[PDB]
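This report concerns only the one structure given below.
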Amino acid sequence: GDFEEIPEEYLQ
Amino acid sequence: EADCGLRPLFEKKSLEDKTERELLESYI
Amino acid sequence: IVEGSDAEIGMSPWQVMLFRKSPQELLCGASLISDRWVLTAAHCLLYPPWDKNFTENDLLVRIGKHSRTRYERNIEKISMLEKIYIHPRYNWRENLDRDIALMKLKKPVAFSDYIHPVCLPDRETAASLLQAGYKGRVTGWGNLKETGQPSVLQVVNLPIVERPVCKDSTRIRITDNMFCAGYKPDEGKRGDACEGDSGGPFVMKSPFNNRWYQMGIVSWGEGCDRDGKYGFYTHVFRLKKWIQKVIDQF
Ligand SMILES: Oc1ccc2c(Cc3ccc(CN4CCCC4)c(Br)c3)c(-c3ccc(OCCN4CCCC4)cc3)sc2c1
Ligand SMILES: *[C@@H]1O[C@H](CO)[C@@H](O)[C@H](O)[C@H]1NC(C)=O
Ligand code: NA
Ligand code: NA
C-alpha cells in the first residue's frame, strides 16, 4: 500500500 | 568508524542472527 | 528482494531508505557508513534514459527502519541531504560502470540499537572475501517478484559468481568495477534483489574480526531472479580511493 504520513518538519 | 560493522543487538551481545552461519560456512 | 525472508530487528542497522519527498515513495536502498555519510548507487539519483535526475532537495533519507510503509516513531530517523556526489566517470550511457554516489547528511545521526554504520573494506579484506562461491547478504524493501511489496525489510544471502559465468550471461560489457552474484539454474536455490532494492548494500561478515563489510552496491540486473541471469554489483573496494577523496576533501 501507500506510505504513512511523516512529520511536517521533515518536508520543509 | 571505530566500531563499524558490530551490531548492537547481535555482535555486541554475542548473539547470532538466523542465517549468518550460512555465510560463514561458505568461506572455505 | 525475491525469494528472501523477513529480516530480524536490528539485523542491518546500516540499511537506509532513499525516500522521495513528493510524491512520497521508495526510490532505492542505501547504506550508512558514518554519522554523516550515506553510500548508494549513482543510478538511484541520475539516469537520463528514464528521465531521472534528483537533487538534494528532492529527497529524504530514512534510517533505522524495519517496516516499509510505517513512520516508526521513536525508532527511525529522517534526515535531509546537504550534498550529493556522483562519480565523475559514472557511465550511464552504456553499462553503469562506476555506479556509485555519496550523500552528505545535513546533520549527523545519533547511533542506536537500530542505527549503526557498516565497515568499508580494506585491500586485504576484499582479496580474502571476494571469491566465487563465498556468500554475501542483500537487504531491501524492494519488490518481491519481477511482476508485490513486503511489509518489512527482506533479506537474502547469495554466492559470488565466477567472472566468466557473469560475462557469458549477458550482452552488456562488464568491467573490473563490477561483480555478479546469484545462484545458478542447477543449484536449486533462488533469490535476487529487485526494483526498489538497488543502491542497497551487499555485505559480508569477516571470519577474521567478526565485522560486517559492504563489498558491493546493488547496481543492475535484467529482470529479477531469472534463471541463467545474475545481479550485478558495484565493486566498492575498487572505488574506495574515490570515496576517501570525497570524504577527506569535503
Ligand atoms: O540483482 C539486481 C540488481 C539491480 C536491479 C535493479 C536496478 C537497475 C536495472 C536496470 C537498469 C537499466 N540497465 C540498462 C543496462 C545497464 C543498466 C538500471 Br539503470 C537499474 C532493478 C530495477 C528494475 C526496474 C526499475 O524501474 C522500472 C520502471 N521504469 C520504467 C521506465 C522508467 C521507470 C528499477 C530498478 S532490479 C535489479 C536486480
Ligand atoms: C541534472 O540536474 C543538474 C542539477 O539541477 C543539472 O546541472 C544538469 O544539467 C541535469 N542534467 C544532467 C544530465 O546532469
Ligand atoms: Na557476454
Ligand atoms: Na538468476
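Swiss-Prot numbering applies to chain C: residues 364-510, 518-620, in that order.
We read in the header that X-ray crystallography, 2.0 Å was used to get this structure.
Placed from the backbone N, Cα and C atoms, the Cβ positions cover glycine too.
Looking up C:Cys594 in Swiss-Prot gives a disulphide bond whose other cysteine, out of C:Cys550, C:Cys564, is C:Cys564. Set side by side, the recorded positions C:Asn416, C:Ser568 differ in how many other CB atoms lie within 10 angstroms of their CB, and the most is found at C:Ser568. Straight-line distance between the Cα atoms of C:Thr510 and C:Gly518 is 8 Å, even though 7 residues between them have no modelled coordinates. DSSP classifies C:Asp462 (active site, charge relay system) as coil under the three-state reduction.
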